[PDB]
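Only one chain is shown below, in C-alpha cells, and it's the form deposited in one PDB entry.
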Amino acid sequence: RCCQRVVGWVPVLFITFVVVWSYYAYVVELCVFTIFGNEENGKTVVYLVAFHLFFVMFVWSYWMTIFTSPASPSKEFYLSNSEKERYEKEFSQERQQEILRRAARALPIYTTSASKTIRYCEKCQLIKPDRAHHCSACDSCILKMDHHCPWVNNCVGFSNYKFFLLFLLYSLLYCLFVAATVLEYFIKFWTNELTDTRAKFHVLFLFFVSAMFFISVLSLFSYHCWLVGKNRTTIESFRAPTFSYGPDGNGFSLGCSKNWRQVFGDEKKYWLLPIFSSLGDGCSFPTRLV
C-alpha cells in the first residue's frame, strides 16, 4: 500500500515548515525589518548570531533523530533454522519454551515475559534481547526501544535516544530564545509603538507558537529526564520487566549518576552534541543485582 512514507512524513514536514517559517519570521521579519529598522543594529547582530547557534543545534539534533536507523538484534538472537523448524512444528506450549532455553543459554538475557517465559517475537521470529521490543510501525525489533515517535517518523531506541533527548533540549532552548527576544517587540506592536502590519503577524505568531511548543515539549523533556535518571524506557515505565527474582522497576538502574552516563557517555564533549556516545551495545545491559 501507500505505507508509512505517504503519511508518516506528514508530521515531519509540518514541523519542518513551521521551523522554516520561524527562520524567515525571526531573521527577516523581526531582526531585519523590525529590530534593524528601529536603529538598534547592535541587538540585530547579537540576536542573529545567537539565533543561528540555537537553530543549528536544533536542526542537527532533529536530523539525527529522524534518520538514525534503529538498532536491531544481532545474529545470535535469531533462532536457527534447526530451532525454527522445531519451534514452528511444536504444538505443546510447554515444549516450545524448552527449545528457547538451549539457545538462550548462550546469550546474556536476564528478563522474561510477564508469564516468566522467554521473550520471543512471532513476526520477527527471534528471541527479544533485554529491553528490546517489536514495533509494528518500524516492522522490526528495536534495541532498548522507548516508543515510536510520529514527530520524527522513526523509532526512538538505543541508536537515537540521546539524539532524541538533545532534539528536545534544543527545541526548549530554541523556543525559549525566540519567546524571550520577541516579547519586547510583541508588546510594542500591540501597544502601537511599532506599526508594520507584515511583521505584526509574524511577531505575534513567533511569540505564541514558540510558547506553545515550549510548554508542550517542557513536560515531555522533564518526563524523560526522570526516565533517564531511573534508567527506564517508556515501555518499562508502564510494564516493568520481569527478572529472575520477579518484576523490578529498577532492574536496570545503576544509580542516578551512572544511569545518565549509560545514555550520554563519559566524555563531556559529546554530552550536548548529537553524536553517538551511548555505552554498551543495546543487546545486554548492566543490572542492579547481578
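Definition used throughout: the rigid core is the maximal C-alpha set that superposes within 1.5 Å between two forms. Residues that one form lacks are left out of the comparison. Sequential numbering from 1, following the sequence displayed.
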Of 40 to 48 and 241 to 249, the stretch whose C-alpha atoms average the higher B-factor in the entry
241 to 249
Of 221 to 229 vs 66 to 74, the stretch with the larger average CA B-factor in the entry is 66 to 74
Among 216, 93, 181, 160 - the residue whose C-alpha B-factor is largest in the record
93
When the entry's CA B-factors for 204, 127, 211, 156 are compared, the highest one belongs to 127
Modelled-residue ranking by C-alpha temperature factor, third containing residue 11
highest
Lowest, middle or highest third - CA B-factor, residue 191
middle
Ranking every modelled residue in this chain by its Cα temperature factor as given in the entry, which third contains residue 87?
highest
Tertile call for residue 120 (CA temperature factor, within chain, third-based) is the highest
For residue 168, the third of its chain by CA B-factor is the lowest
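Another form exists, deposited with a small molecule bound; not displayed. Remarks below refer to it.
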Pick the stretch from 74 to 82, 129 to 137, 194 to 202, 99 to 107 whose residues have a heavy atom within 4.5 Å of the small molecule in the deposited complex.
129 to 137
Contact of residue 254 with the small molecule in the deposited complex (heavy atom, 4.5 Å)
no
Proximity of residue 227 to the small molecule in the deposited complex, heavy atoms at 4.5 Å
no
4.5 Å heavy atom contact, residue 235 to the small molecule in the deposited complex
yes
Can you list, in sequence order, the runs of 3 or more consecutive shared residues with C-alpha shifts of 2 Å or more between the shown form and the other one on the rigid core?
1 to 5
